[PDB]
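Notes follow once the structure below has been shown.
All chains are named by letter (A, B, ...) in the order of the sequence lines, taking the proteins before the strands, and each is independently numbered beginning at 1. Atom set for the values below is all heavy atoms of this structure, side chains included, hydrogens, waters and symmetry mates excluded.
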Amino acid sequence: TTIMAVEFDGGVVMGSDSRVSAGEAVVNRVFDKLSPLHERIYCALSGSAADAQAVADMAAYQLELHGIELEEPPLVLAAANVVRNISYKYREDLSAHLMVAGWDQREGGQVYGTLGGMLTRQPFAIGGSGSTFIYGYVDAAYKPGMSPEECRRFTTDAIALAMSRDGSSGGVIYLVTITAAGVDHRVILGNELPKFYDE
Amino acid sequence: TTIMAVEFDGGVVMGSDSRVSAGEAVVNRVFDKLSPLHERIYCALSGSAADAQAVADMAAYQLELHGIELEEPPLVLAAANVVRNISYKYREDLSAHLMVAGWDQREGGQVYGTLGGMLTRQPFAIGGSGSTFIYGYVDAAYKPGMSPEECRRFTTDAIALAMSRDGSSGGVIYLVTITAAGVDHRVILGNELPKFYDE
Amino acid sequence: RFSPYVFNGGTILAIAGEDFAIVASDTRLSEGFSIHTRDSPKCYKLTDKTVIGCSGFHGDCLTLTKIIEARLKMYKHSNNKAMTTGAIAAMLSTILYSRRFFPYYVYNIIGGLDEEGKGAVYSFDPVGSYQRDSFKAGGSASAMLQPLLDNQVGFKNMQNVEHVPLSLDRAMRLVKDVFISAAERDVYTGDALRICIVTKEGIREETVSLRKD
Amino acid sequence: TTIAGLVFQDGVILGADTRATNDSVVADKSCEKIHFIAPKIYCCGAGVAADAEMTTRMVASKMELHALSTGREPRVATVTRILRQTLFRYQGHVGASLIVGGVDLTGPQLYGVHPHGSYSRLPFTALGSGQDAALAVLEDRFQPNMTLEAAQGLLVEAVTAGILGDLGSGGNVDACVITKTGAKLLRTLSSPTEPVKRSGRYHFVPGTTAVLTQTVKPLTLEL
Amino acid sequence: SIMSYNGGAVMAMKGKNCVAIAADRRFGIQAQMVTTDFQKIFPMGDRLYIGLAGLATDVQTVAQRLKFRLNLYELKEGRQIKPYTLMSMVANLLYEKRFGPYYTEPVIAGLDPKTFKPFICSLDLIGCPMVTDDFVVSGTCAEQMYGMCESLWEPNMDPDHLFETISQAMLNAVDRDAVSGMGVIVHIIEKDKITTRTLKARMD
Amino acid sequence: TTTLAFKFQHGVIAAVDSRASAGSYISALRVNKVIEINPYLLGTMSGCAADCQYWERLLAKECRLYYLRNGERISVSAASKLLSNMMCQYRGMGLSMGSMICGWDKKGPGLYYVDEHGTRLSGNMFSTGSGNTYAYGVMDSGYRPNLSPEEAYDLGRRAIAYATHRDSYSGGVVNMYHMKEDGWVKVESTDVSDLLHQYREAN
Amino acid sequence: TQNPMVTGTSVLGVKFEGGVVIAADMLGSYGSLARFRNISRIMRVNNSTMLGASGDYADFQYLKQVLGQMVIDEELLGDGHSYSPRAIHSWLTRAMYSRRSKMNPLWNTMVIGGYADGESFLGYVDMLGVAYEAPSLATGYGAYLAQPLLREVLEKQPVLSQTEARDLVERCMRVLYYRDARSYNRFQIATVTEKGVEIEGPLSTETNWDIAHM
Amino acid sequence: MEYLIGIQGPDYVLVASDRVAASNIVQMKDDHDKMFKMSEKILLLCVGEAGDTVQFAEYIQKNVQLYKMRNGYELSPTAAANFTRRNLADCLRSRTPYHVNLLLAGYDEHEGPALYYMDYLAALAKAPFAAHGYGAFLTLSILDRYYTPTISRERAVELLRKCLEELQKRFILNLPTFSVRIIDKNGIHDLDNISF
Amino acid sequence: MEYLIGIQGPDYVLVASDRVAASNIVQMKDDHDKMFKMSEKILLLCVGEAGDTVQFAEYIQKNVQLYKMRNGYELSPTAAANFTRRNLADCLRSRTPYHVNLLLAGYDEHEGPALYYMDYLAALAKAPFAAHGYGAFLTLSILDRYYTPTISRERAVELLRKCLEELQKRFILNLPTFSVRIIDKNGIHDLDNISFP
Amino acid sequence: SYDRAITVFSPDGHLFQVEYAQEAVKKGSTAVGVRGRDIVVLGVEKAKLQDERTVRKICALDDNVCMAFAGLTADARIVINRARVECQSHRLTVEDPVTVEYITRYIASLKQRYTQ
Ligand SMILES: *[B]([O])([O])[C]([C]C1=[C]OC2=[C][C]=[C][C]=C12)[N]C(=O)[C]1[C][C]2[C][C][C]1O2
Ligand SMILES: *[B]([O])([O])[C]([C]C1=[C]OC2=[C][C]=[C][C]=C12)[N]C(=O)[C]1[C][C]2[C][C][C]1O2
Ligand SMILES: *[B]([O])([O])[C]([C]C1=[C]OC2=[C][C]=[C][C]=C12)[N]C(=O)[C]1[C][C]2[C][C][C]1O2
Ligand code: NA
Ligand code: NA
Ligand code: NA
Ligand code: NA
Ligand code: NA
Ligand code: NA
Ligand code: NA
């Protein structure tokens, strides 16, 4: 898996690969690892599929009732805390990392890491087995003040680069752009991927 | 460790970090991991320090006598097979990866990987614990036809990027440019390193 | 895997005289081959006529010490009197035995006066076995100090020697010598020697320097 | 053990503590950890005491044979090679951590040799259980081309930091100053812990030990 | 532990122009006492003795193999061995088995056959020598002996003063060790004579 | 440890050594390995010192409660049974406690062996501890049911002294008791090495 | 926590005339990966107390929530009483010991710095409940590198000024950056005085690499 | 699990050994002999692991017999005990260590009677009396109690019988019969077996 | 390591058990009894781990005695054997499993004599004859060879003696004395112990 | 769980529920007990169509103890079976059998508990 989230002025971009693998076996080659927690809040799933899906579902349920009682859409900080609390309370029994990103009327576009029950707000964040091979790339290619299109391009190049080096990442790239306007879901097919050195 | 070698028209560029560490302890912060095997043949050391130094010494001794019996400087392919044969014969008892690069009047500037006793010629190659974090970077930044100065710049940026992400790499960057003209040794100090995103 | 214990070192010693009791300890707190602090004495005043020496895993020393303090208060409120040295010793055995299957890693030596005003020493193992002694050494250097005490205080292995009782002056010099010898040979004993003297007048304290390496 | 080394203006200074511990019990308060290799080559030892003793003894012996045959003063790189290749063959089973310091026709050199056979040439180094205390003092105040007196001071401070901070280290600081005109062995250059005296009045009156058997064998017949 | 299988204690102590060497006399296998007169101190010259504690079989093998090399040495050299040379000879013997050692930790005590100056030393199981100017200890009660020795030892003791110090240091040390004891034997080595004494010791 | 007890014409003899060991280190040279529950009830102790002291003191508290509740002392069979049930309750927990409950009740002299497994045997001779085999050899060789009090005291003191000589985990003093119809009497607390020296001097 | 995840290295601390100073780098490592190079491992507890933590970051963030809420609770009473540095240190010992005793520790080693009633406070607590006071503290690998330098200066001059303590701490952070492979050249320095708790950062040490030519 | 006992008197050595050859829960032999004649005045009593005991005892026996053939005289009990210890100690750190516990009883023309105890590690001890096996835990204190250095052979057999009776009473293993032999200036003498 | 034996005849059940109570290498008791009276016409012979044997046997005994007190009649040997099996099987997968091997011998007015074998797993078998312990490996073939269903009590004791002699001859463990009892229409009868010099 | 206090004090200091339970005893069949020298006798007052055995008011608790009752017979059965279990539980915990006073003390404390 390679998951990635980038903050911009007015929203976030989230991306993931599509490979689900049981060892050397690709069980699902077109899995969308970007799940909605609320109207403008999404999470990026990595690690154990069963744990990631269980946490995402409980967080979506908790946030739905929270949103209704508060008479407003939940804050992205409330969503990130909801996820972080489940991941931290059950840290010895869960093996998933759910990156939480989205938009708010108070803080706007924000990206949060919950790795092992911690919580940190990042300009961008990468996760999954594939993130290992692109740490230097994201450090060399990240520039502050990127536009929504520049963030999508960055996420696509970084995820394509990891997909090519990582046996556990592959398939298509799923992109999601969350702004005040709504959410744009996009798919970059395995044939239309950006090309780099591959020898 | 982060070791790197790049072929260009007329020679090679080799680079390394300078950190020698026993777990969390930096035992030597200024170690030069680029060792001469011959006048225009060098190797880049990584893995077990005792094994890497032992192999390098036996290879230098074997190649010196080879060069004298042949009345010519050894081919970089002969140096590559000398290191490779040692690493392969003793693959269960050795734990080092010696990248071999240099210049020949026959094949010019060539880079060879000897990982676990295998032998492969590469346009560029990276090794060490730090190489993991820069696979995507070298795949995105490598361009065919780079000049000696462009290769040095690439090696420096890639090694600086790994040094910043890898606990087992750090210090200064050692560069070596091997051409028909001779060898140029160069040092980029820990204060004069190229800067990228580091938060 | 996680180990709930760690060895922090320290040596304790207690001597009971006709009308006194001494409880001494070094002040070093260690971990591995490093020193946490050079000012960690191991004597804890419980009542005006009872002090306790504690040595071993320091997390347990702190905890057990606070438990003893709370228990003395609980007893004073229920019985309208302070716990005697003997009563503290019997109670401490039960607190240690309450943890027989997750022991407190503490070597305890109690020193005070009994109800006849005579000196009393009570020594324990981590799980609660105890008895009253005339003298006792505990902690890292206990094996070094104890045979000297057996010889010089118990008069063992000596023929044709006057069995003269132990005076406070004589005991004080002997505690100082054994802790100087212990600091020379035990890496976990050093920095300073805290001596607590219990008498009818009360509790006096002395601090004497020990080797810093 | 805290062993340290330092390269200054006109040579090298090797430093060592004097404690030998047998598992948390101090066995020797005054042992020599600075070993002779050649007149201008010395070696600090740490690790398995017997391995450090026999490996230094072996290379000093090989270096005497080398110097006798060549007719020349021995090189510091030769002792590094011989040590390295012997230790490598034993795969770390010969637990000798050594600091080789010396002066040859190429000037002062300092090396760290590890039990597995790896080495490094350095301007300053520290080994033993107290190596990080010594290394902190060296990193904090080392400057190249120090005067003999400035380098000796830094070395005594580095070994002392280890003596006080490390439980496995203690006693006195021994040092060896190697220059182009030979080596000055400063046995007990400093004692961080001043004489710890006591009222050790422990005397037994003759007859307090009960004896069961007695046999006197004279030797005056041989004398 | 291998060293505690048989147990035992050995100690050497330096005096003014004399040396002392003492050992316990128990031979036991784990908790069972077998013998109360086991020899642990072996003469290597008129004024030179070796004390061996540890695994009983290796105490006997090391003493026998050392006697072999010593006899060949004094025959080739035509002289009595010096104390320091006997130490080096034991070091070489023990270090030859560096990777499969004898389980014994020797103690050497003597006077120079020419200079008469007292010598005391000890070696670990793999032959690392340690010379001291006061005392050396080896055994299952090394902590007990270190405490007794550190407290009782004085610089220039006369033969009788030394005899009482080493006796009380051994007696009181081995009486806090379950697997050492069954008696103590002491040798006082002077220029003119050797005094050997067995002490009235605890038998439990 | 070495503990022994035997019934004879004049009651029950009960003897113990006094050594405590922390591995090979002698942590205590003289511990009391006998609990006096009441004037007609004793308990010898071997195994884990803390287990012995706590459980035998818990049996003592229960015996005391029985006397307050019934105005009569507990029988040796009921007291040994109470301790045996305490051990059964903690089986598999790693307790280590061998004891002999020795007394005099309405059925005359009583002697029971109780284990940390819950073993409970009545009998007229037992020995527990690391030195028990050495005590059995001596005790069995010199035993007659018609031994005089002084002949019985010699057998008890000798079985324990001889066990302390061979067993490295036994030593110190012999604490011997004689359980008579009108209650126990502490016979002696004698240094075992002085007894062994005395035996040797008679050879 | 049975297995720590994102961890922080050494936390330093030294008492000076008029307060305490603590220092800690801003790194969260995931094994050898310098995964988060911009996280604060220092916390202002109240006006008198500050805390720095080595070990698992998620466990530190939890403690920071529990501690922060305790301070809010106390401030709601507004009764003239407030937790002293010594009481926070005491609470943290009980909290760590309690978690250790349940075989589920909070995987941290902490340094509590304080200033109350004219006295400087410096205390250590580890994941087992081992606690104590000292004139200087250094957790993790800093106990081997930084503590010998803090003690060397405190031997010569037991009472340092705020500037003397600050320069010494900055020299320790430089030695730690050079010798600890799990450190980063980005750190904070927090100071507690009569004025309160001030956290400064991000700071960097000027490195020198001239030995690369020796 | 097997039993050896020796009692050395002023001019003799009395030895006994059980007669059981067992396999698992079965006594396969009730009349088995554990003693080995080395010389006219030396017996080697051997116990331990199944193969080791006879292999080791027989090798020593044939080499002791070889000495007699090569020189015209036999090895003394001391020389035989030390030769046995040298072989056992040399095998200790080898591929083939023998798990044997033994007793060597002998009579020398100059030195008199001797009893040597040796364990499988090859520690060698001279003893006035000794025993091997679990039985020694029940019988060593009987010998401590009744043995005196001037014990007559008549008294030694009653002391031996006391030990063997203790095994019948307290030892959980059968062991009903025992081989009994005595050595003096006139060689090795077979006595009647002790039976229960 | 301990021995139990039962031989069921036409109108009786003969049972025997060793009398050793042992600890480590020592015979602590030579007169120990391993039989437990449940009813006037039922014996439970119990063997196994040190604590378990008496704890289990006594609990069953007191509950069998409770049945007699509550109803005025005793449980039949079958009902007692099945009640014993139910308790042992219920503890099998619990925190407290009892490591006991046992024999239940009884006489019922209607069903006649019965011998039940039960192992620590709680398998229950009705047998004409049975034995427990290592001794059963040496004595089961003696009973296979000489037992006939019409064996008289006089002949049964001779057969029992043949089995006990084999243990003296071939079993490595001491076991010198044996408790012997027989049950019939008149209850439990104590016979003389079998003893060997 | 039903946690109502059934037996409580009345203004005069009476426990009416216990006094009402004594009224039920007063209506039961006369039971007489006599303690002799070597014997103890129990006698109870007494339908032709009834099986006498199923309705006997003289029960055995253990081999050495027996009892008779007067009052509510279903209540008696509960007291009797608890006494019977207790006699065996006493033999199991302490070995020795129950005394007449021990089992009387047990029955009396059971009765008292049901009043508080
Ligand atoms: B990734 O870290 O390699 C990946 C994430 C993944 C794949 O499929 C899903 C479905 C729902 C949430 C996350 C997710 N993990 C895997 O493919 C693994 C294989 C299997 C065992 C752990 C996990 O599921
Ligand atoms: B690298 O992979 O982290 C590195 C290679 C290295 C460093 O220093 C030398 C010296 C000579 C050859 C290679 C080399 N490895 C190390 O630094 C480690 C330190 C020590 C323990 C493992 C290995 O050697
Ligand atoms: B014996 O079994 O070796 C002995 C019993 C013992 C020791 O101290 C007491 C005090 C009270 C009753 C019994 C008792 N045990 C020991 O020597 C050891 C000391 C302690 C730790 C293991 C065992 O108990
Ligand atoms: Na891929
Ligand atoms: Na780095
Ligand atoms: Na010290
Ligand atoms: Na030190
Ligand atoms: Na020694
Ligand atoms: Na002893
Ligand atoms: Na003993």
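Only the backbone of F/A28 comes within less than 4.5 Å of a heavy atom of chain E; no side-chain atom from C-beta onward does.
Contact tally against chain E (heavy-atom pairs below 4.5 Å) for F/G131, F/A163, F/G23, F/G172: the top residue is F/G172.
Crowding of E/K67 atom NZ: a count of heavy atoms from other residues, nucleotides or ligands under 6.0 Å exceeding 12. Residue-environment remark: CZ (E/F68) stays at or below the threshold of 12 foreign heavy atoms within 6.0 Å.
Proximity to chain F among residues 45-63 of chain E is not found for any residue, judged by heavy-atom separations below 4.5 angstrom.
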Donor-acceptor pairs, chain E vs chain F, cutoff 3.5 Å:
unit_1: E/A31; atom_1: O; unit_2: F/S168; atom_2: N; d: 3.0
unit_1: E/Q32; atom_1: NE2; unit_2: F/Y134; atom_2: OH; d: 3.1
unit_1: E/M33; atom_1: N; unit_2: F/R166; atom_2: O; d: 2.9
unit_1: E/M33; atom_1: O; unit_2: F/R166; atom_2: NH1; d: 2.9
unit_1: E/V34; atom_1: O; unit_2: F/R166; atom_2: NH1; d: 3.3
unit_1: E/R176; atom_1: O; unit_2: F/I26; atom_2: N; d: 3.0
unit_1: E/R176; atom_1: NH1; unit_2: F/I26; atom_2: O; d: 2.7
unit_1: E/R176; atom_1: NH1; unit_2: F/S27; atom_2: O; d: 3.3
unit_1: E/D177; atom_1: OD1; unit_2: F/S24; atom_2: OG; d: 3.1
unit_1: E/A178; atom_1: N; unit_2: F/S24; atom_2: O; d: 2.9
unit_1: E/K200; atom_1: NZ; unit_2: F/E201; atom_2: OE2; d: 3.4
unit_1: E/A201; atom_1: O; unit_2: F/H197; atom_2: NE2; d: 2.8
unit_1: E/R202; atom_1: NH1; unit_2: F/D191; atom_2: OD1; d: 3.2
unit_1: E/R202; atom_1: NH1; unit_2: F/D191; atom_2: OD2; d: 3.0
unit_1: E/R202; atom_1: NH2; unit_2: F/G172; atom_2: O; d: 3.2
unit_1: E/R202; atom_1: NH2; unit_2: F/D191; atom_2: OD1; d: 3.3
unit_1: E/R202; atom_1: NH2; unit_2: F/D191; atom_2: OD2; d: 3.3
unit_1: E/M203; atom_1: N; unit_2: F/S193; atom_2: OG; d: 2.9
unit_1: E/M203; atom_1: O; unit_2: F/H165; atom_2: ND1; d: 2.9
unit_1: E/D204; atom_1: O; unit_2: F/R19; atom_2: NH1; d: 2.9
unit_1: E/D204; atom_1: O; unit_2: F/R19; atom_2: NH2; d: 3.1
unit_1: E/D204; atom_1: OD2; unit_2: F/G172; atom_2: N; d: 2.8

